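Everything on this sheet refers to the single structure shown next.
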Number of protein chains: 2
Amino acid sequence: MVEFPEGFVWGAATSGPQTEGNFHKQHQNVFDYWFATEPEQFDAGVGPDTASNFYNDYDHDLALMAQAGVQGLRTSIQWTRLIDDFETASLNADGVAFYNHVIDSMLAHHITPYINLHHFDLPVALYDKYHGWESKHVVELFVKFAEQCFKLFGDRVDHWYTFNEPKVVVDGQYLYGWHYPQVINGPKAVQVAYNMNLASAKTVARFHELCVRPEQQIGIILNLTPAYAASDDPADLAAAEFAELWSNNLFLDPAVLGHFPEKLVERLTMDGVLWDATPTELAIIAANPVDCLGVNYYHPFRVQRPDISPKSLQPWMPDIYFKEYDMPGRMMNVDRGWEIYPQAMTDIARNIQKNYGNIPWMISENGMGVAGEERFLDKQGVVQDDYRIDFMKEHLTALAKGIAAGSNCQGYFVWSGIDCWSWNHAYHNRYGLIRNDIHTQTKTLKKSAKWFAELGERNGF
Amino acid sequence: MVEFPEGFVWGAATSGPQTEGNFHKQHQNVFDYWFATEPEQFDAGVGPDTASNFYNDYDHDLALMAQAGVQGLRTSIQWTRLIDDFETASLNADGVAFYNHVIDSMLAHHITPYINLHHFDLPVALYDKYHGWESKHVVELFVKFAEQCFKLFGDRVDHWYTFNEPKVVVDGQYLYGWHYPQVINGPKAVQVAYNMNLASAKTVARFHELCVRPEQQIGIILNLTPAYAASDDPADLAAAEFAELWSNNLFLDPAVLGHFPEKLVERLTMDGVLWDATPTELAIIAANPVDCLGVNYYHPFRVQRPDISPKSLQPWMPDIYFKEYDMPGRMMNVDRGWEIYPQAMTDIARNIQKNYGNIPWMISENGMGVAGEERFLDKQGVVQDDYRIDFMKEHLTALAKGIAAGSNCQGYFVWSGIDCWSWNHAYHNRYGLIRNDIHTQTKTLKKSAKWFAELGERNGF
C-alpha cells in the first residue's frame, strides 16, 4: 500500500554525548559536569560516563544497526572530545582517531554518515570563562571546531548539520532549568537564540568555502511542531501566532529564508529584550542559508491565552503570551504524557512545501519511547515492540500524504537505532530499534528492527 | 635501612569483579544482581557495570602497573564470565579469549600472574536454584570451573589461589547483611564456612592432579588479623579465645593443618549448630592442604566479653561470645574508622612461623583507603599520597622484623594497583598506587607509584 519515493533514505539518529561514553574524553561538556556534581538529578543515577558504550562497541554497534536496516546513521561529533585547546582548535589525538574509526566503520558496514556538529554539548570550560553561547567569541570557536571537522572528515562525509535543535539549548539552559547551568533569564535566552543562529550561518559559510565537491551539503535540524490554537477565539489565535513565531520561525526563518521573522523581532523590540545584532552579522545570516533541513517531530503542541495580561509586572519570558492547552478527547501516550497526532507530520510537510520553497528536507528524528521493555521480551530475548511498529506506521502514512501533495521529503530517520542515554531521564524510556542491556552493554534487535529492514527493501509497507 | 630477602616479590592486588566491568558478561553474580535491583545500596550509585574499565583497557592498564613497579599482579577469574553452563562448566568462548588476552598481556608487560579463582562473586543463578554455597552440589560445580581455569591457563600461570577471604563471604552473605542475598542466620553460615573449606580442598586436589611443573603452587588468601583481648579479665580472655578460633582458625587450620580446630567443633556441637560433614569429605580436607598462604591485613581487631550471657535465648550467632572493643589511646585512620596498628604484621608473621610450620606465605593485601584524593593533586595532576607511603613504611617495617625473626614471608602485595570498585562503598575510598578518574576512565600514577617502583629496585627503603 503506502509507497515512498525512489532513493528515499531510511535511517536512524542519535548523538555523541548519548552513546559514546566519556572514555578518555579530554573535556567535560555541561552534562558531564552536571552528573559529576549532582548525580541525584539523573534517573537511577545513570549518567553519560558509559552511555551505550559506543566508544568501545562501535564496530559491532554499526553491524547491528545495518542488520536493522539503517541505511544512513545520523550522529554527532563531540566538541569536548575532538578539540584540545578550544581557543586555537588544536586537535586531541585520540579523539580524531576515534572519529576516523567510526566513520571508516560506518562506511565498511555500508551506512551513509550524517554528521551533526553539536547536540546540547557545550564545553563547561567555555561556560565558566565566557558564559558559553552568550558570547560571540564562543561563537567564533564553534566555527573553528567546525572547520576542523570539515578538513579531517569532509573526504568521506557528505551530509552535515550545524546544530540539532538550538531551541532546546535555549529553552534548557536559559529558560526552564532543563540543562545545566539552569539559568532562568528571558533576555539572556533571546541573545543565545540569536548567537546560535549566527554560529550556524558562519558555519554554513566556512563549509561552502572549504567544500569543493557538489554532493556535499550542510543543513540544520529543528523541531517544527506547529503551535495549534486551542480555539478560533482571537485571543487564542494570537497566542498561537506568537508561539509559532517563537518556537519555529525563530530558527526556521534565518536558517532557510535568511532573515528573522519581522513580526517577532518587532515584538521583542517593543518589549526591550531584542538581541544585540550588527548588520555585518545579519548579512552573514542572509548570505548563508542551509542546503537542507532535518525535521524532528514527536508530539503536537497546542496553545491558548495566557492567564494574566502580558503587561502584568513579571519578568519577561516568551511564555507571557501563550499557555499550553490540553485538548479534551486527545489521543494520549499515557505513560509518557504526550498527545498522539500523526497529522502534524502532514502539516509540517505542507508548511515547508509552500512557505519554505520546498527546500530538500528529511524527518531526522521520529520515534516512541517506552519504559520497562523487559515486560515485552519473548522467549529469545527479543522485545515485542508492536507499539513501536504501530507508531511508525501512523506517522509514515501521514508523511506519505505530504510527499504525495508534492512536499520535498527525502528521508526518514528513526529515533533511535540503539537505546541511548536521554539526559536526566537517562535510560528510563527506550526508543531504540535495538535494545541495550546497559549493565552488560549487550545489544539485541527488537522486533521493530526486522520490520524496519523490511520497510527499507520494499521502500514501503 | 629496612631491607628484604633476595627474590622478595613486590606485587599489587585486585579482583575481576572490582576492575573488569560487566561488558559482555554472560551471567550475573550476586553483586551484579544486587546493583541491578537496588542501586541505592551503592555509594554515589556507582556499581560494577563499568568499574575500572579493565575489560576494554587491560593492556594500557597493565603498562601503568608495570610503571608503578608491580612485579606480580594478583586478580581473579570470574566464574560468571568464564562459564557458559554452570552444570557442565562449558566455556563462554568470549570470556576465555578475554582472560587469555589479559594473561598474555601480563607476561608481555613482565608482570607475574597470580590468579585467584573466587572473589565474593557467586553466580546469582546458583543462589536462586541451590542457595549457593549452602549446596554441596554448588561446591562440585565450583571445582569443575576451577578445573577449566587450570587446563586453559595453567600452561603459563604458576601461582593460583582457590579463594579470597571466604570468611567475608560467610559474614557477608549469611551473618551481617554485607552481601546479597543478605541472609541473617548463624547455622547456615556455619555450613557455608564448612562448604567453602571443602571446596577449597577438593580444588587443591584437582590442581595437584593437573599441575605439571614443580613451580606450580596453589594457595588460599585469608585475613589473619589477631583478636586481641581488651584486658586480662578472664571473661575478656575467653572472648578472644573464641574470636581467634572463629575468625582465624576456622579457615587457617583446615587449609594448612588439614583439620578443623577441635575446641571450635566442640563449641559448635554443644550449641547445636555444627555443620553436616562426612568422613570422606573430612579426609579430602586432611589430605589436600595448601602449598602456600596469602595473608590480608588492614586494621587490628579487639574483643571483650559480651554484654549478655551466651545462654540468653537469642538466635545463635558467633557474636554471642565476643563484642568488639575500642582501645582508648588507639591510633586511628579517623575518616575510615579503622585503627592503625602495624605491630599486628609482626604478630601475624610470628603465628605462621610458630604454629603453622612456617609455610611459604605472602602479604597478599595491605593498603590504605582515602576519600576525595583530588584534594591532593599537584600541578601536574599527580596525587601527593605521602600518607600512603608512610602507611607502607610502617607496615613494611613491622613485616621486616617478622622476617628477621625467621618467618617465611616471600612477598608483599599492595591493595591496590589501580583504584578499583569496593562493593557498596564503590570509589568512596581510593587505595591504588594509580588514580582512576572514573568519569573518563583516565588513570595516572600517584606519588606512591614511584616510591613503590623504587622500593622494588632497592628491595628495601
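FYI, nothing fancy with the C-alpha cells labels: chains A, B, ... in order, residues from 1 per chain, ligands from 1 as they appear.
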
Contact residues around residue A:170 with only C-alpha atoms at 10 Å, ignoring same-chain residues under 4 positions, as a list in words
residues 120, 133, 165, 166, 174, 175, 176, 178, 179, 183, 186, 188, 189, 190, 191, 192, 193, 194 and 196 of chain A

Could you please write out, as number ranges by chain, every residue of stretch 222-303 of chain A that DSSP assigns to alpha helix (DSSP H)?
A: 234-244, 250-252, 262-270, 279-287

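Applying a distance limit of 9 Å to only C-alpha atoms, the residues of chain B near chain A read residues 21, 22, 23, 24, 25, 26, 32, 36, 39, 40, 44, 45, 46, 48, 49, 50, 53, 56, 438, 439, 440, 441 and 442 of chain B.
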
Closest of B:205, B:230, B:418, B:169 to residue B:75, counting only C-alpha atoms, is B:418

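DSSP on the backbone gives strand (DSSP E or B) for these parts of stretch 383-458 of chain B: residues 383, 409, 410, 411, 412, 413, 414, 418, 430, 434, 435, 436, 437, 442, 443, 444 and 445 of chain B.
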
What would the file look like if the residues just selected were written as a short mmCIF file (atom, residue, chain, number, x, y, z; two decimals), in the first residue's frame with N, CA and C atoms?
data_model
loop_
_atom_site.label_atom_id
_atom_site.label_comp_id
_atom_site.auth_asym_id
_atom_site.auth_seq_id
_atom_site.Cartn_x
_atom_site.Cartn_y
_atom_site.Cartn_z
N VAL B 383 48.56 12.65 42.40
CA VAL B 383 48.13 12.65 43.79
C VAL B 383 49.35 12.57 44.71
N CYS B 409 58.03 -15.36 54.98
CA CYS B 409 57.28 -14.45 54.11
C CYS B 409 58.07 -14.17 52.84
N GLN B 410 57.40 -14.30 51.70
CA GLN B 410 58.12 -14.23 50.43
C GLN B 410 57.65 -13.12 49.50
N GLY B 411 56.77 -12.22 49.95
CA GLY B 411 56.33 -11.14 49.09
C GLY B 411 55.35 -10.25 49.80
N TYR B 412 55.06 -9.12 49.15
CA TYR B 412 54.22 -8.06 49.69
C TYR B 412 53.39 -7.47 48.55
N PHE B 413 52.08 -7.68 48.59
CA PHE B 413 51.17 -7.21 47.55
C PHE B 413 50.32 -6.07 48.09
N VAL B 414 50.47 -4.90 47.49
CA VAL B 414 49.68 -3.73 47.85
C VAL B 414 48.25 -3.85 47.32
N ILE B 418 45.57 -0.18 40.61
CA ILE B 418 44.74 0.93 40.16
C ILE B 418 43.50 1.02 41.05
N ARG B 430 39.83 5.44 47.89
CA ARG B 430 40.81 5.07 46.88
C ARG B 430 42.01 4.44 47.59
N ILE B 434 47.70 4.07 41.66
CA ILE B 434 47.34 4.74 40.43
C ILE B 434 45.90 5.21 40.54
N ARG B 435 45.66 6.48 40.20
CA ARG B 435 44.32 7.05 40.29
C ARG B 435 43.49 6.65 39.09
N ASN B 436 42.20 6.44 39.32
CA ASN B 436 41.23 6.31 38.23
C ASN B 436 40.22 7.44 38.34
N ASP B 437 40.23 8.36 37.37
CA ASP B 437 39.09 9.27 37.19
C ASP B 437 37.99 8.45 36.54
N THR B 442 40.32 7.57 32.92
CA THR B 442 41.70 8.02 32.73
C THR B 442 42.49 7.77 34.01
N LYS B 443 43.63 7.09 33.87
CA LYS B 443 44.40 6.62 35.01
C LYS B 443 45.78 7.25 35.02
N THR B 444 46.30 7.51 36.23
CA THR B 444 47.52 8.29 36.39
C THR B 444 48.24 7.83 37.64
N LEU B 445 49.53 7.54 37.51
CA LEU B 445 50.34 7.18 38.67
C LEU B 445 50.21 8.24 39.76
#

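Distance check against residue B:403 using only C-alpha atoms: of B:298, B:150, B:145, B:361, the minimum falls on B:361.
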
Across A:206, A:167, A:131, A:151, the smallest distance to residue A:181, with only C-alpha atoms counted, is shown by A:131

Which of A:313, A:257, A:285, A:141 sits closest to residue A:85 [using only C-alpha atoms]: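 Of the candidates, the smallest distance to residue A:85 is held by A:141.
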
_Which residues are close to residue A:311, i.e. within 12 Å by only C-alpha atoms, leaving aside same-chain residues fewer than 4 positions away? Reply as a list in words._
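My list of contacting residues is residues 270, 271, 306, 307, 315, 316, 317, 320 and 321 of chain A.
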
May I have the residues from that selection written out with N, CA and C atoms, as a CSV table (one decimal), in the first residue's frame?
chain,number,residue,atom,x,y,z
A,270,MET,N,9.7,46.1,20.9
A,270,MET,CA,8.7,46.7,21.8
A,270,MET,C,8.8,46.3,23.3
A,271,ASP,N,9.3,45.0,23.5
A,271,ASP,CA,9.5,44.5,24.9
A,271,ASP,C,10.9,44.9,25.4
A,306,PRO,N,-2.6,33.5,27.6
A,306,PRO,CA,-2.0,33.5,29.0
A,306,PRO,C,-3.1,33.9,30.0
A,307,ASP,N,-3.0,33.3,31.2
A,307,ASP,CA,-4.0,33.5,32.3
A,307,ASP,C,-4.1,35.0,32.6
A,315,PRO,N,8.8,39.0,35.3
A,315,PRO,CA,10.0,39.0,34.5
A,315,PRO,C,9.6,38.6,33.1
A,316,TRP,N,10.3,39.2,32.1
A,316,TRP,CA,10.0,38.8,30.7
A,316,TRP,C,10.4,37.4,30.4
A,317,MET,N,9.4,36.7,29.8
A,317,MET,CA,9.6,35.3,29.2
A,317,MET,C,8.7,35.3,28.0
A,320,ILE,N,4.8,34.6,28.5
A,320,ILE,CA,3.8,35.6,28.9
A,320,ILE,C,2.7,35.8,27.8
A,321,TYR,N,2.9,35.3,26.6
A,321,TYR,CA,2.0,35.4,25.5
A,321,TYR,C,1.2,34.2,25.2

Worksheet entry | Shell of 7 Å around stretch 394-400 of chain B, only C-alpha atoms, local chain residues under 3 positions omitted, as a ChimeraX atom specification | /B:2,4,342-343,345-346,390-391,403-404

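Residues surrounding stretch 86-92 of chain A within 10 Å are residues 25, 26, 27, 79, 80, 123, 125, 126, 137, 138, 140, 141, 142, 143, 144, 145, 146, 147, 148 and 149 of chain A [only C-alpha atoms; sequence separation below 6 positions excluded].
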
Inset, instruction - Find the spatial neighbours of stretch 110-113 of chain B, counting only C-alpha atoms, within a cut-off of 7 Å - ignore same-chain residues fewer than 6 positions away - and output them as a list in words. - result: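 Non-adjacent residues within range: residues 66, 70, 71, 72, 73, 74, 103, 157 and 159 of chain B.
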
Those residues with C-alpha atoms, as a PDB file, in the first residue's frame please?
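Printed below is part.pdb as written:
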ATOM      1  CA  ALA B  66      54.403  -2.124  35.231  1.00  0.00           C
ATOM      2  CA  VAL B  70      54.152  -4.198  40.045  1.00  0.00           C
ATOM      3  CA  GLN B  71      56.356  -7.230  39.524  1.00  0.00           C
ATOM      4  CA  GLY B  72      53.413  -9.545  40.168  1.00  0.00           C
ATOM      5  CA  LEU B  73      49.691  -8.901  39.840  1.00  0.00           C
ATOM      6  CA  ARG B  74      47.033 -10.968  41.541  1.00  0.00           C
ATOM      7  CA  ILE B 103      47.357 -13.147  30.999  1.00  0.00           C
ATOM      8  CA  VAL B 157      50.226 -19.309  35.252  1.00  0.00           C
ATOM      9  CA  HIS B 159      50.577 -19.123  41.215  1.00  0.00           C
TER      10      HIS B 159
END

Name the closest residue to residue B:172 among the candidates B:130, B:427, B:31, B:160; distances are taken between atoms, counting only C-alpha atoms.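 The closest residue to residue B:172 is B:31.
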
Near-residue B:30 list (7 Å; only C-alpha atoms; drop same-chain fewer than 5 positions) as a list in words
residues 121, 122, 123, 124 and 180 of chain B

Those same residues - C-alpha atoms - I'd like them written as a CSV table (one decimal), in the first residue's frame.
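Result written to out-v7.csv:
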chain,number,residue,atom,x,y,z
B,121,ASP,CA,31.3,-13.4,43.2
B,122,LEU,CA,28.9,-16.3,43.3
B,123,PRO,CA,26.7,-16.6,40.2
B,124,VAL,CA,23.3,-15.4,41.4
B,180,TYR,CA,23.3,-10.0,48.6

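Comparing the minimum interatomic distances between residue A:369 and each of A:182, A:116, A:309, A:416, counting only C-alpha atoms, we find that A:416 sits nearest.
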
In Å and to one decimal, atom CA of residue B:325 is distant from atom CA of residue B:302 by 5.2 Å
